[PDB]
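Enquirer: Dropping a structure here in structure tokens format, bear with me for questions.
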Amino acid sequence: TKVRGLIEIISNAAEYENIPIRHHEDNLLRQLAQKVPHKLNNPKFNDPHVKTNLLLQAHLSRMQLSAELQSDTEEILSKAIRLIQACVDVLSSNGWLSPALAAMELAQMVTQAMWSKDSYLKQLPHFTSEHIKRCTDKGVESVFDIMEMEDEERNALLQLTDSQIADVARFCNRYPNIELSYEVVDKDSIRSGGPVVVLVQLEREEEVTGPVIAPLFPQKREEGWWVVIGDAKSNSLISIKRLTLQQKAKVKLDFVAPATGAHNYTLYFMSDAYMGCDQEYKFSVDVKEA
């Protein structure tokens, strides 16, 4: 399941069965279809689902559109998050780890208007491609790398006005900087077929708690998270829970312990709003019994 396939699942939804099909837009659409990262095949520029797929890609690529197309995009976007969450629900319920994680990233992508391959710095206000090129050239790749710089370094690199920096500071102070700690409950008493309980604790270290900053997403959004346990080797999604976080939160996940012996898993913490904030921890358990 590639990003392309996930975008197709979202745009093929019955919810978009009535996206406006206009006289005289085929031109823009035909060209749009030429420029988007994932080219479409038979394109039927009369299919609301085809239009929806192109407008979603255009949004992710932050391309120039007509006022009308921009309005159509806003409509599509207003239904997108809920659809993506449902998609994550389906993929994770079926136990498909990679597809489920990719769908979670798609929620971040749609919110921040960017592709999974883009630098996380594309989220910062006023950051252009050259900003990103210069940051990458310098080995600066995370928002945290940006925040660690002193003024002289930052001004030379970003070349931003005091007002632009104030906007950057606002985003950085709300960007998730969470400390995740976890405990395998009674690690020495796990029995085959019995429960394996993982107690996760989250604590926000950044200064501001509040709604997501996403200049290119029309609706007000709240920060959402998923905590997941899976087997990366077999691509199996074992446990998942959705949560919202204020200052501190405790999340309990559990799953059936496999056959006696040593086993390895991965604990994931995934955003549905920001990129670059996800965490992964490979842990192990010793199952007794037998």
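Each chain in the structure tokens gets a letter, A, B, ..., in the order shown, and its residues are numbered from 1; ligands are numbered from 1 in order too.
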So that each row is one residue of region 61-89 of chain A with an atom at most 10 Å from region 212-230 of chain A, can you give its shortest atom pair and the distance in Å to one decimal, using only C-alpha atoms, rows by chain and rising number, as a Markdown table?
Expert:
```
| residue | atom | partner | partner_atom | distance |
| --- | --- | --- | --- | --- |
| A:62 | CA | A:216 | CA | 8.7 |
| A:73 | CA | A:218 | CA | 9.7 |
| A:74 | CA | A:218 | CA | 6.6 |
| A:75 | CA | A:218 | CA | 9.1 |
| A:77 | CA | A:217 | CA | 7.3 |
| A:78 | CA | A:219 | CA | 6.8 |
| A:81 | CA | A:221 | CA | 9.5 |
```
Enquirer: I want to know what sits within 10 Å of residue 35 (chain A), based on only C-alpha atoms, with residues of the same chain fewer than 5 positions away left out; could you give that as a VMD selection string?
Expert: chain A and resid 29 to 30 54 57 to 58 61 63
Enquirer: Counting only C-alpha atoms, figure out which residue out of A:82, A:51, A:252, A:204 gets nearest to residue 69 (chain A).
Expert: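 The shortest atom-to-atom distance to residue 69 (chain A) comes from A:51.
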Enquirer: Which residue out of A:93, A:194, A:116, A:52 has the minimum interatomic distance to residue 241 (chain A) when only C-alpha atoms are used?
Expert: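 Under the stated criterion, the closest residue is A:93.
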Enquirer: Can you list, as a PDB file with C-alpha atoms, in the first residue's frame, every protein, DNA or RNA residue that comes within 6 Å of region 183-187 of chain A when you count only C-alpha atoms, leaving out same-chain residues fewer than 6 positions away?
Expert:
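Done, and the output landed in out.pdb:
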```pdb
ATOM      1  CA  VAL A 197       0.378  -5.013  29.326  1.00  0.00           C
ATOM      2  CA  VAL A 198       2.371  -1.991  28.207  1.00  0.00           C
ATOM      3  CA  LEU A 199       1.841   1.165  30.283  1.00  0.00           C
TER       4      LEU A 199
END
```
Enquirer: Give me, please, the distance in Å between CA of residue 193 (chain A) and CA of residue 287 (chain A), quoted to one decimal.
Expert: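 CA of residue 287 (chain A) lies at a distance of 9.1 Å from CA of residue 193 (chain A).
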